[PDB]
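Enquirer: Before I ask anything, here is the structure I am working with.
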Amino acid sequence: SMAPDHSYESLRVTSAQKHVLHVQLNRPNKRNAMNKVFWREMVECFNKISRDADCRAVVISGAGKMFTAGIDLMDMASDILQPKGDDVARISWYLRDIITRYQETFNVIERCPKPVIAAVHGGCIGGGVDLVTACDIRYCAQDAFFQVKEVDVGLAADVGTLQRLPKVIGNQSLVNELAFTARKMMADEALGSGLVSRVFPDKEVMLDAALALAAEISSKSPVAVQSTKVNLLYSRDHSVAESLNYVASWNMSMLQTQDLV
Amino acid sequence: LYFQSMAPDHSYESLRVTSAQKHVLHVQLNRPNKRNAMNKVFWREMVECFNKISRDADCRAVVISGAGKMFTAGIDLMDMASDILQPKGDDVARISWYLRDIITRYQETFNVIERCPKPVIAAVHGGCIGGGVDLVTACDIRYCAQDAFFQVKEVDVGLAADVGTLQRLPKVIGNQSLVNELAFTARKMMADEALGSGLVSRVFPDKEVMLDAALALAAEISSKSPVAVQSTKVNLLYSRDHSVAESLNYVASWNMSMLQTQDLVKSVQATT
Amino acid sequence: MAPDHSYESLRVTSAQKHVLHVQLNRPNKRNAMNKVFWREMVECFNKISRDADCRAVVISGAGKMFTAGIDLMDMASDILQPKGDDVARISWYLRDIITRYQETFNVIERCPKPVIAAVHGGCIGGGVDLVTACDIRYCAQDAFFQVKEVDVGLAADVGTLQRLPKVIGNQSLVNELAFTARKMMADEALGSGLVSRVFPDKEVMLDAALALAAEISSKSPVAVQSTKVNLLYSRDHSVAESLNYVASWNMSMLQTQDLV
Amino acid sequence: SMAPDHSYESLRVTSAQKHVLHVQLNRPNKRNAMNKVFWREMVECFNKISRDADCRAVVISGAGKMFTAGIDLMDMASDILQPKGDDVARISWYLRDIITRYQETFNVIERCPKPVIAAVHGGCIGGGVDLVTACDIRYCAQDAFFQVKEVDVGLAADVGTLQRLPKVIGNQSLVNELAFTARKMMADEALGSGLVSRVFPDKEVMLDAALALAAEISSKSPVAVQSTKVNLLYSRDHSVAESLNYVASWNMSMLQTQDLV
Amino acid sequence: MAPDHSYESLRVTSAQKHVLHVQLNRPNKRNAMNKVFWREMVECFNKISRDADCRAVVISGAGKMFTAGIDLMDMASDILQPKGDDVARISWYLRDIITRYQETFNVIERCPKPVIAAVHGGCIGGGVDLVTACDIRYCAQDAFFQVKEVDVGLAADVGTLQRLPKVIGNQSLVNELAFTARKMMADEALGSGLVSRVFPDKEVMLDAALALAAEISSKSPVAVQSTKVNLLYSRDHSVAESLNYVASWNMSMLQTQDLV
Amino acid sequence: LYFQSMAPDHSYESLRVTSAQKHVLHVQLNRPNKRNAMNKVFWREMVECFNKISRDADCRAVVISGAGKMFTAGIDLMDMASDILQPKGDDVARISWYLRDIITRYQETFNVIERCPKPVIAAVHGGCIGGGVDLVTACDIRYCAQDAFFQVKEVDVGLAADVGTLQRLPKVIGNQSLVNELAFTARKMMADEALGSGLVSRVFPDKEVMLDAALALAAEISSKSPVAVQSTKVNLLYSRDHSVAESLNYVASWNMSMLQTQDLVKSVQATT
Ligand SMILES: [Cl-]
Ligand SMILES: [Cl-]
Ligand SMILES: [Cl-]
Ligand SMILES: [Cl-]
Ligand SMILES: [Cl-]
Ligand SMILES: [Cl-]
Ligand SMILES: [Cl-]
Ligand SMILES: [Cl-]
Ligand SMILES: [Cl-]
Ligand SMILES: [Cl-]
């Protein structure tokens with residue numbers, strides 16, 4: 001069923017099981033290319049889900065033949081080929097604002113305390129990698145691939161891939177080679193490197209597994225699960241001593257839940 | 001048969017400490033009838049034990065294992081209830097201050113392993129559940145038997161792990177999709193996946209073969225200069241938590257005294 | 001032989017367009033790192049950083065192995081005859097030497113052109129400090145890596161303890177390697193992720209390293225060099241700080257012709 | 001003149017000189033007490049000004065007898081006396097969201113790259129201190145006073161005072177004593193401690209000086225001035241080495257301005 | 001004399017409700033800090049931190065002056081007869097002693113009850129490490145502060161070089177004080193902001209220190225102790241990180257009766 | 001009259017370096033006909049000078065002053081035009097990379113003062129404009145004459161200060177309202193306000209009285225153990241940039257070698 005609070009041009013949001021929302025990228029005719037409305041609707045959607053007491057986990061997938069072809073290069077041209085501002089300095093301030101806004105599209109996934117699972121089939125290109133590396137857990141079909149395309153287009157990726165990809169897998173030689181060459185990384189290598197936790201034969205089976213996972217997470221104490229995501233995120237970005245201090249301050253209130261007794 | 005020294009420095013209810021060659025101490029979780037469940041004395045005795053080992057000039061490496069059928073079942077829920085079901089303080093704020101102190105003190109049980117400048121090797125067989133994962137993620141090296149499993153059980157009990165797993169597990173392996181899945185689902189991770197993910201360094205067919213390998217590793221570490229090995233642990237931990245530029249600065253300030261040792265002179269004159 | 005590059009311990013060539021190949025060149029002494037080497041690396045990579053024509057670098061070793069590590073004769077001169085009266089004064093002297101030796105591999109990281117290590121045979125001690133300061137690592141089937149410093153009576157202070165734990169995931173393994181000085185062979189280096197590819201022999205490995213450097217050089221150098229700067233920044237900072245930095249970085253770099 | 005983009009219940013925004021906006025807290029009958037609409041309108045206002053190429057500096061003052069009496073305690077009761085959520089843990093998540101939202105009310109001043117000058121007469125109590133310590137420059141009339149009131153109300157200040165006050169003046173013994181006792185700090189002591197840069201005999205003279213300052217800042221290169229605020233803010237929060245690196249990366253584009261040639 | 005508090009070097013009394021008064025008590029030796037002192041401070045402040053009845057602390061010195069600083073007899077035992085064979089082993093031994101001595105003043109900062117220093121006469125060397133770990137500083141007109149360590153042949157390692165620069169604004173002054181070991185008298189301590197009030201004599205100063213401790217104790221202890229925790233966090237972190245922390249902190253602390 | 005050593009280590013166009021007692025070096029900005037305007041050679045020679053002083057075992061403190069009527073007029077706008085009016089590189093991105101390198105290199109001119117472990121005392125008379133404020137905020141101690149003024153001039157020229165003022169000025173004084181006002185308005189701050197704000201430690205009636213006081217301070221610092229004084233600077237700088245807990249850790253690691261000096265033994269045996 002269609003989730004009622006959620007009406008979007010570029011996204012389709014459904015209740016997939018109790019406490020589980022399924023957010024589907026929904027421009028299959030355009031291979032889910034990320035146009036301007038997408039960047040704005042993701043922010044709207046995520047922020048809603050974060051405030052949704054009924055939602056305990058999210059799955060993100062793509063409609064059609066592939067997860068995403070990445071940024072709508074028609075729309076990306078409008079911003080870069082006609083930039084507002086007189087001299088270079090004023091164009092700089094303008095472009096910085098744009099980059100920061102697009103970063104927010106994926107930040108909202110991280111800021112959402114409900115776990116978010118990426119279920120990727122077919123291509124996940126450019127902006128798609130910025131998306132899935134901001135999700136907590138990644139699954140894919142056997143036909144999936146991941147590509148840090150930005151270098152081919154003529155820029156260092158700036159909406160999250162270079163910030164999150166190196167922190168979600170161990171092999172930095174591989175991270176560097178993908179970012180510098182824009183080569184496609186296919187499903188078995190995605191699994192071998194730990195970019196995905198599991199590979200499935202096809203999209204249908206992948207989606208069933210991702211929803212089963214989300215159902216399993218939904219069965220746990222929401223206070224516990226959401227406190228866990230908050231604290232894992234914190235730990236990624238701070239020393240162990242700082243993160244130990246933070247969890248003590250976090251759980252001093254959270255241990256006072258009915259879910260515990 | 002193991003016999004104590006004539007003046008034993010280690011006498012615990014929940015732990016057994018033995019000497020397993022020259023320079024190697026073997027710390028064994030020792031409540032096998034309760035599957036090494038971590039009760040109130042355990043949290044105290046671990047701090048007392050590792051602080052003593054830190055100051056023990058003769059110890060160069062430590063192995064930690066569990067007695068009986070499994071490494072550990074985790075927190076003794078009887079004793080954890082006393083703290084959480086009867087919390088001291090009037091209102092919510094005052095209860096918070098009280099719980100914060102308890103969390104911090106329990107964190108110290110495993111902080112002491114990390115603060116100990118001697119390498120510490122976890123040798124896990126059977127279940128390593130909840131508290132056990134907080135324990136082993138604070139060790140430097142992890143080995144296990146074929147029958148071992150690791151379980152971030154806390155979410156099943158109704159809390160986010162707050163004594164070290166969520167702070168150290170994500171720093172000891174590369175695959176964060178896996179880290180997140182384990183933490184959110186409390187599922188069991190068996191020995192073969194633990195090796196593939198890099199949570200353990202080596203898997204062995206049985207507890208006896210594992211334990212011998214862990215002691216032999218400890219003995220190999222104990223053969224090197226203790227200045228160099230202890231300096232290596234200090235600097236690896238510092239590097240985990242700081243930028244490369246800060247950590248390069250730190251190691252230069254650390255080694256400016258540590259290079260002034262006959263250990264280096266003897267090691268260079270030997271290889272020359 | 002590249003114009004502007006002459007060294008006692010290093011050989012620099014530039015066959016492929018935009019690509020420089022830096023070769024450790026004391027095969028006679030297994031490319032052991034003597035004093036000249038520490039200085040010439042700095043000179044070499046600082047030149048490379050300022051070369052608008054260079055887009056990528058490969059580093060390999062002449063002869064039977066990548067490197068045996070530090071030349072223990074020369075390391076003795078510094079440590080067996082240290083300048084200064086008392087301990088505190090000796091310490092200040094040693095600190096400066098450590099910091100200078102760290103610069104030898106720092107310059108690789110400061111060079112915004114990607115640097116690919118191509119390792120065959122042993123890569124020992126100082127050689128691990130070197131390759132963990134490179135962006136990408138390839139090796140031959142005969143390769144091995146060894147954090148040799150504890151066997152010599154010191155914690156590694158040149159770079160290995162600072163970069164090795166950040167370039168692979170398995171910390172249990174990193175710790176075991178650092179505490180025991182044991183050799184890690186090619187198959188294990190591949191499986192741990194220390195290297196991203198293994199090749200049958202030096203020749204095929206070197207060819208692949210250079211073909212990778214060509215593929216990199218086929219890209220916009222603004223984009224590629226901006227990628228390296230931001231990957232390095234991201235390693236050392238929180239996600240939020242690194243997102244801030246990339247926005248401030250690309251606000252100029254997006255105004256390039258290679259993009260329009 | 002009334003600024004046209006700016007229509008608020010709790011704020012009055014005027015063009016005070018070319019390139020200068022004057023934002024006036026506008027509930028003089030309620031001593032400019034900070035009610036719910038205030039917290040939401042400040043965010044709206046600031047974010048607008050940040051995107052306003054015509055604006056180069058801001059002055060903030062209070063209508064009526066005093067700068068501000070602080071939080072509307074009627075409205076603060078609604079949030080704390082009737083908190084949403086079942087057990088303590090769920091109330092905690094609810095209250096954290098509230099604190100974070102109210103923090104954003106003053107964050108938007110800092111995030112605005114135009115310099116913001118606080119012109120304080122009469123009382124500046126509680127939330128007023130959280131406000132003025134998020135401004136770049138502070139002026140006051142001789143009758144002004146500042147009071148970290150929160151401890152009297154029964155809480156540690158959480159919307160910015162404890163985070164910014166210690167970073168804007170040198171004397172931490174004084175900072176600590178104000179925060180722990182909630183005592184009023186009068187104008188001469190505000191000047192002596194450096195909390196304000198200057199004191200004026202009355203509100204009228206204070207406001208003229210603050211506008212003169214803002215006019216002086218407006219006369220400079222906007223690229224230079226706004227780059228300066230960005231970089232001072234950065235320097236407060238990072239080491240010298242990190243901040244030197246950041247300014248090099250910042251000015252590599254900004255030095256390519258027409259204002260420079 | 002407070003129940004649970006007996007010490008060789010310290011006297012602890014509790015006249016005013018919720019207030020403890022800790023007095024350095026070797027007037028005979030100008031409250032020079034001998035070995036017992038280093039240990040008993042830790043014992044004392046850790047007890048204070050766990051005392052729900054205590055809301056504020058004043059620290060003063062018995063006799064003619066606040067403190068002459070470290071007892072140079074006892075500091076010799078540690079430095080003139082250091083345990084360990086070679087330099088590296090001596091270093092590990094010294095590092096542990098430094099860290100232990102730092103704990104003596106760390107505990108003041110970890111104590112979430114505000115601690116007010118009331119200084120008269122000299123406050124020398126170890127005494128500056130002490131008072132810069134306190135939240136608030138008052139002094140008598142005869143007081144003076146002296147970063148004495150360089151005169152003894154060391155950089156201050158107990159706390160002064162870490163906290164003194166963070167408690168006042170004028171770094172030119174902090175640097176001059178640290179490099180020269182010169183005395184700063186009461187009028188200068190007031191003008192630099194090292195102390196927030198100066199009083200004519202010890203008696204009036206002590207009275208004011210205690211009246212301040214009363215004023216603090218008249219407030220909600222949840223609010224006051226939460227204020228200290230968050231001020232300390234804010235000193236050590238960015239504004240954005242500290243705003244995050246206070247939100248996570250108050251989400252529980254706002255659920256207090258002292259508020260409703 | 002000052003005479004050079006028989007083998008002078010300091011020979012500069014833009015700087016004069018003299019020895020002003022035992023252990024004290026006096027570095028004088030020396031382009032008085034151009035009001036000590038910082039031209040291309042100045043940025044180079046400062047780096048060469050301070051790196052040499054850093055490695056000079058006999059120097060224990062440095063005073064920096066200016067020749068002629070004023071401390072400095074700041075950047076030589078002729079030479080700054082060459083870099084900014086004719087920037088190397090095709091497009092905007094390529095120009096950016098070029099400017100970034102120039103900014104970084106100019107930052108090094110003052111970084112070297114900070115990296116020098118000997119205390120450095122600025123003795124300012126007359127104007128200290130733009131670049132001069134970047135210079136003196138990198139020094140450890142600041143004195144001035146009655147006629148001195150400080151001016152963060154950069155905004156008047158059309159840029160945010162990028163060679164150190166905006167990174168160090170806000171860390172050397174407490175009043176940030178004042179810091180912000182100075183930076184945004186480029187107004188002049190006279191000697192009496194500079195003292196009240198704490199930017200200078202002392203003000204003197206004239207340049208000669210100031211200069212004598214600065215040398216006497218340098219001589220007083222030069223009377224102390226160089227291990228202790230140099231360790232003090234290193235640790236003060238580290239404390240500026242790190243949390244108290246990190247800085248306590250650092251000083252323990254630093255002093256574990258530095259306490260092993262006869263300087264300490266002699267200082268304790270003297271006072272005993
Ligand atoms: Cl994996
Ligand atoms: Cl692995
Ligand atoms: Cl070395
Ligand atoms: Cl891998
Ligand atoms: Cl380039
Ligand atoms: Cl002031
Ligand atoms: Cl000491
Ligand atoms: Cl003051
Ligand atoms: Cl309390
Ligand atoms: Cl002052």
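Naming scheme: A, B, ... for chains in displayed order of the structure tokens; residues 1 onward per chain; ligands 1 onward as shown.
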Pick out the chain B residues within 12 Å of chain D. Count only C-alpha atoms. Give them as a ChimeraX atom specification.
Expert: /B:91-93,95-96,158-159,243,245-246
Enquirer: Residues of chain C within 12 Å of chain D, using only C-alpha atoms, as a ChimeraX atom specification?
Expert: /C:226,229-230,233,236-237,241-242,244-256
Enquirer: Could you list the residues in chain F lying within 8 Å of chain B, using only C-alpha atoms, and format the result as a ChimeraX atom specification?
Expert: /F:250,253-254,256-257
Enquirer: Apply DSSP to the structure's backbone, then extract all residues of region 63-272 of chain F labelled strand (DSSP E or B) and return them as a list in words.
Expert: residues 63, 64, 65, 66, 72, 75, 120, 121, 122, 123, 124, 127, 128, 129, 141, 142, 143, 144, 145, 149, 150, 151, 188, 189, 190, 202, 203 and 204 of chain F
Enquirer: Restricted to N, CA, C and O atoms, what would the selected residues look like written as a short mmCIF file (atom, residue, chain, number, x, y, z; two decimals), in the first residue's frame?
Expert:
```cif
data_model
loop_
_atom_site.label_atom_id
_atom_site.label_comp_id
_atom_site.auth_asym_id
_atom_site.auth_seq_id
_atom_site.Cartn_x
_atom_site.Cartn_y
_atom_site.Cartn_z
N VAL F 63 64.22 38.18 19.28
CA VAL F 63 63.41 39.39 19.18
C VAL F 63 63.26 39.81 17.71
O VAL F 63 64.25 39.80 16.96
N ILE F 64 62.04 40.15 17.28
CA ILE F 64 61.83 40.65 15.92
C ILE F 64 61.36 42.10 16.00
O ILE F 64 60.36 42.41 16.67
N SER F 65 62.09 42.98 15.33
CA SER F 65 61.71 44.39 15.27
C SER F 65 61.80 44.91 13.82
O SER F 65 62.12 44.16 12.88
N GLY F 66 61.50 46.19 13.61
CA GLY F 66 61.56 46.76 12.28
C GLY F 66 62.48 47.96 12.29
O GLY F 66 62.51 48.69 13.27
N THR F 72 56.04 47.63 9.99
CA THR F 72 55.84 47.27 8.59
C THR F 72 54.56 47.81 7.98
O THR F 72 53.53 47.91 8.66
N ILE F 75 52.30 43.88 2.90
CA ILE F 75 52.70 43.32 1.62
C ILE F 75 53.05 44.43 0.61
O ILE F 75 52.35 45.44 0.53
N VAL F 120 59.77 33.66 20.63
CA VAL F 120 59.99 34.78 19.72
C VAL F 120 59.14 35.96 20.17
O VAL F 120 57.91 35.84 20.36
N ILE F 121 59.81 37.09 20.36
CA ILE F 121 59.21 38.30 20.91
C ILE F 121 59.15 39.36 19.83
O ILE F 121 60.19 39.79 19.33
N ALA F 122 57.94 39.79 19.49
CA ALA F 122 57.71 40.91 18.59
C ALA F 122 57.83 42.21 19.38
O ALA F 122 57.20 42.37 20.43
N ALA F 123 58.63 43.13 18.87
CA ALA F 123 58.81 44.47 19.44
C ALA F 123 58.40 45.46 18.34
O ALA F 123 59.17 45.75 17.42
N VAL F 124 57.16 45.94 18.43
CA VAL F 124 56.53 46.73 17.38
C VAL F 124 56.52 48.21 17.74
O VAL F 124 56.11 48.56 18.85
N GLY F 127 53.41 51.74 12.59
CA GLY F 127 52.40 50.88 11.99
C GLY F 127 52.84 49.43 11.86
O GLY F 127 54.00 49.14 11.55
N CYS F 128 51.90 48.54 12.13
CA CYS F 128 52.05 47.10 11.91
C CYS F 128 50.79 46.72 11.15
O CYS F 128 49.74 46.48 11.75
N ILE F 129 50.92 46.71 9.83
CA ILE F 129 49.78 46.69 8.90
C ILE F 129 49.74 45.41 8.06
O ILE F 129 50.79 44.97 7.54
N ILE F 141 55.26 36.32 22.18
CA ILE F 141 55.07 37.46 23.08
C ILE F 141 55.12 38.73 22.22
O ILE F 141 55.89 38.80 21.27
N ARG F 142 54.27 39.72 22.56
CA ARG F 142 54.20 40.96 21.80
C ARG F 142 54.33 42.12 22.76
O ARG F 142 53.58 42.21 23.76
N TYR F 143 55.30 42.98 22.47
CA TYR F 143 55.46 44.30 23.08
C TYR F 143 55.32 45.39 22.04
O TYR F 143 55.62 45.16 20.87
N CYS F 144 54.96 46.61 22.46
CA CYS F 144 54.92 47.70 21.51
C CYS F 144 55.28 49.03 22.13
O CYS F 144 55.35 49.15 23.37
N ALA F 145 55.59 50.00 21.28
CA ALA F 145 55.75 51.39 21.72
C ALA F 145 54.43 52.12 21.74
O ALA F 145 53.47 51.69 21.11
N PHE F 149 50.47 50.86 16.10
CA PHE F 149 49.11 50.44 15.76
C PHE F 149 49.11 49.18 14.92
O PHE F 149 50.07 48.89 14.21
N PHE F 150 47.99 48.46 15.00
CA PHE F 150 47.82 47.17 14.36
C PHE F 150 46.59 47.28 13.48
O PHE F 150 45.57 47.83 13.91
N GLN F 151 46.68 46.75 12.26
CA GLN F 151 45.61 46.95 11.29
C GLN F 151 45.49 45.72 10.42
O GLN F 151 46.43 45.38 9.69
N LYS F 188 42.33 50.82 12.42
CA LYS F 188 43.60 50.78 13.16
C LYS F 188 43.35 50.64 14.67
O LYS F 188 42.50 51.30 15.23
N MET F 189 44.08 49.74 15.31
CA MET F 189 43.98 49.63 16.77
C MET F 189 45.26 50.18 17.39
O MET F 189 46.34 49.64 17.16
N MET F 190 45.14 51.27 18.14
CA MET F 190 46.28 51.94 18.75
C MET F 190 46.83 51.21 19.99
O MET F 190 46.23 50.25 20.48
N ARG F 202 52.91 44.47 27.02
CA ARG F 202 53.49 45.67 27.63
C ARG F 202 53.60 46.75 26.58
O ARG F 202 53.85 46.45 25.40
N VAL F 203 53.40 48.01 27.00
CA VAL F 203 53.60 49.18 26.15
C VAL F 203 54.66 50.07 26.80
O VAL F 203 54.70 50.21 28.05
N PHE F 204 55.52 50.65 25.95
CA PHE F 204 56.65 51.46 26.39
C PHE F 204 56.59 52.81 25.71
O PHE F 204 55.99 52.93 24.63
#
```
Enquirer: List as a PDB file with N, CA and C atoms, in the first residue's frame the protein and nucleic acid residues lying within 7 Å of ligand 2, with only C-alpha atoms and all ligand atoms counted.
Expert:
```pdb
ATOM      1  N   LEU B 195      36.041 -15.056   9.927  1.00  0.00           N
ATOM      2  CA  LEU B 195      37.353 -15.029   9.283  1.00  0.00           C
ATOM      3  C   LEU B 195      37.333 -14.221   7.973  1.00  0.00           C
ATOM      4  N   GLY B 196      36.274 -14.420   7.188  1.00  0.00           N
ATOM      5  CA  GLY B 196      36.102 -13.770   5.891  1.00  0.00           C
ATOM      6  C   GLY B 196      35.990 -12.275   6.079  1.00  0.00           C
ATOM      7  N   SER B 197      35.278 -11.864   7.133  1.00  0.00           N
ATOM      8  CA  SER B 197      35.114 -10.444   7.479  1.00  0.00           C
ATOM      9  C   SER B 197      36.366  -9.793   8.133  1.00  0.00           C
ATOM     10  N   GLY B 198      37.297 -10.625   8.596  1.00  0.00           N
ATOM     11  CA  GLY B 198      38.500 -10.185   9.277  1.00  0.00           C
ATOM     12  C   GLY B 198      38.317  -9.918  10.759  1.00  0.00           C
TER      13      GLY B 198
ATOM     14  N   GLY C 169      41.189  -3.391   6.233  1.00  0.00           N
ATOM     15  CA  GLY C 169      40.145  -3.509   7.244  1.00  0.00           C
ATOM     16  C   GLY C 169      40.510  -4.349   8.469  1.00  0.00           C
ATOM     17  N   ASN C 170      41.247  -5.433   8.277  1.00  0.00           N
ATOM     18  CA  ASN C 170      41.442  -6.444   9.326  1.00  0.00           C
ATOM     19  C   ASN C 170      42.516  -5.951  10.323  1.00  0.00           C
ATOM     20  N   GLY C 191      44.083 -11.107  -0.274  1.00  0.00           N
ATOM     21  CA  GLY C 191      42.888 -11.391   0.513  1.00  0.00           C
ATOM     22  C   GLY C 191      42.621 -10.388   1.633  1.00  0.00           C
ATOM     23  N   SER C 192      43.678  -9.845   2.233  1.00  0.00           N
ATOM     24  CA  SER C 192      43.521  -8.773   3.234  1.00  0.00           C
ATOM     25  C   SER C 192      43.187  -7.410   2.625  1.00  0.00           C
TER      26      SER C 192
END
```
Enquirer: Go through C:140, C:240, C:183, C:166 and flag the residue nearest chain E, using only C-alpha atoms for the distances.
Expert: C:240
Enquirer: Please find the residues contacting ligand 7 at a distance of at most 8 Å between atoms, with only C-alpha atoms and all ligand atoms counted, and report them as a PDB file with N, CA and C atoms, in the first residue's frame.
Expert:
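Result file is part_36.pdb:
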```pdb
ATOM      1  N   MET E  75      60.119  15.052  45.085  1.00  0.00           N
ATOM      2  CA  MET E  75      60.275  15.085  43.625  1.00  0.00           C
ATOM      3  C   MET E  75      61.663  14.593  43.209  1.00  0.00           C
ATOM      4  N   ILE E  97      54.481   8.081  36.188  1.00  0.00           N
ATOM      5  CA  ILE E  97      54.484   8.998  37.332  1.00  0.00           C
ATOM      6  C   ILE E  97      53.822  10.325  36.930  1.00  0.00           C
ATOM      7  N   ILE E  98      54.171  10.842  35.754  1.00  0.00           N
ATOM      8  CA  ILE E  98      53.581  12.119  35.283  1.00  0.00           C
ATOM      9  C   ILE E  98      52.053  11.968  35.236  1.00  0.00           C
ATOM     10  N   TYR E 101      50.479  11.976  38.711  1.00  0.00           N
ATOM     11  CA  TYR E 101      50.448  13.340  39.254  1.00  0.00           C
ATOM     12  C   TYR E 101      49.403  14.236  38.587  1.00  0.00           C
ATOM     13  N   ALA E 156      56.262  22.611  32.807  1.00  0.00           N
ATOM     14  CA  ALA E 156      55.129  22.196  33.647  1.00  0.00           C
ATOM     15  C   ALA E 156      54.333  21.063  32.958  1.00  0.00           C
ATOM     16  N   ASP E 157      54.199  19.923  33.644  1.00  0.00           N
ATOM     17  CA  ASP E 157      53.537  18.747  33.037  1.00  0.00           C
ATOM     18  C   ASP E 157      52.303  18.235  33.782  1.00  0.00           C
ATOM     19  N   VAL E 158      51.923  18.931  34.847  1.00  0.00           N
ATOM     20  CA  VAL E 158      50.822  18.505  35.695  1.00  0.00           C
ATOM     21  C   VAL E 158      49.479  19.056  35.233  1.00  0.00           C
TER      22      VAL E 158
END
```
Enquirer: Which neighbours of residue 181 (chain E) fall inside 8 Å, counting only C-alpha atoms, when residues of the same chain fewer than 6 positions from it are skipped, and could you give them as a PyMOL selection string?
Expert: chain E and resi 146-151
Enquirer: Just to be explicit: take each residue in the selection above, keep N, CA and C atoms, and write the result as a PDB file, in the first residue's frame.
Expert:
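Below is the file that was written, again_6.pdb:
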```
ATOM      1  N   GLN E 146      52.702  31.989  40.173  1.00  0.00           N
ATOM      2  CA  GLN E 146      54.015  31.835  39.582  1.00  0.00           C
ATOM      3  C   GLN E 146      54.120  30.459  38.915  1.00  0.00           C
ATOM      4  N   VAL E 147      54.356  30.465  37.602  1.00  0.00           N
ATOM      5  CA  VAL E 147      54.528  29.218  36.813  1.00  0.00           C
ATOM      6  C   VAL E 147      55.998  28.867  36.970  1.00  0.00           C
ATOM      7  N   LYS E 148      56.291  28.272  38.119  1.00  0.00           N
ATOM      8  CA  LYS E 148      57.652  28.132  38.594  1.00  0.00           C
ATOM      9  C   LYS E 148      58.482  27.052  37.884  1.00  0.00           C
ATOM     10  N   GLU E 149      57.828  26.112  37.186  1.00  0.00           N
ATOM     11  CA  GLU E 149      58.535  24.953  36.630  1.00  0.00           C
ATOM     12  C   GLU E 149      59.807  25.201  35.825  1.00  0.00           C
ATOM     13  N   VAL E 150      59.847  26.181  34.906  1.00  0.00           N
ATOM     14  CA  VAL E 150      61.116  26.374  34.132  1.00  0.00           C
ATOM     15  C   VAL E 150      62.324  26.645  35.034  1.00  0.00           C
ATOM     16  N   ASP E 151      62.103  27.327  36.171  1.00  0.00           N
ATOM     17  CA  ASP E 151      63.185  27.596  37.136  1.00  0.00           C
ATOM     18  C   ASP E 151      63.728  26.318  37.770  1.00  0.00           C
TER      19      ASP E 151
END
```
Enquirer: Within 8 Å of ligand 6, which residues show up when you count only C-alpha atoms and all ligand atoms? List them as a list in words, please.
Expert: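 I would give the residues around ligand 6 as residues 169, 191, 192, 193, 194, 195 and 197 of chain D; 174, 175, 196, 197 and 198 of chain F.
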Enquirer: Would you list the contacts of region 64-72 of chain A as a ChimeraX atom specification, taking every protein, DNA or RNA residue within 7 Å and counting only C-alpha atoms, but skipping same-chain residues closer than 3 positions in sequence?
Expert: /A:28,31-35,61,75-76,120-128
Enquirer: Counting only C-alpha atoms, collect the residues of chain A whose closest atom lies at most 10 Å from chain D, and write them out as an NGL selection string.
Expert: :A and (51 or 53 or 85-94 or 97 or 222-224 or 227 or 250-259)
Enquirer: Kindly indicate which residue among E:128, E:20, E:58, E:154 lies nearest to residue 262 (chain F), using only C-alpha atoms for the distances.
Expert: E:154
Enquirer: Quote the spacing between CA of residue 203 (chain E) and CA of residue 189 (chain E) in Å to one decimal place.
Expert: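 Distance between the two atoms: 19.1 Å.
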Enquirer: Residues of chain C within 12 Å of chain E, counting only C-alpha atoms, what are they? List them as a count of residues only.
Expert: 10
Enquirer: F:116, F:152, F:61, F:166: which is nearest chain E, counting only C-alpha atoms?
Expert: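 Using only C-alpha atoms, chain E sits closest to F:61.
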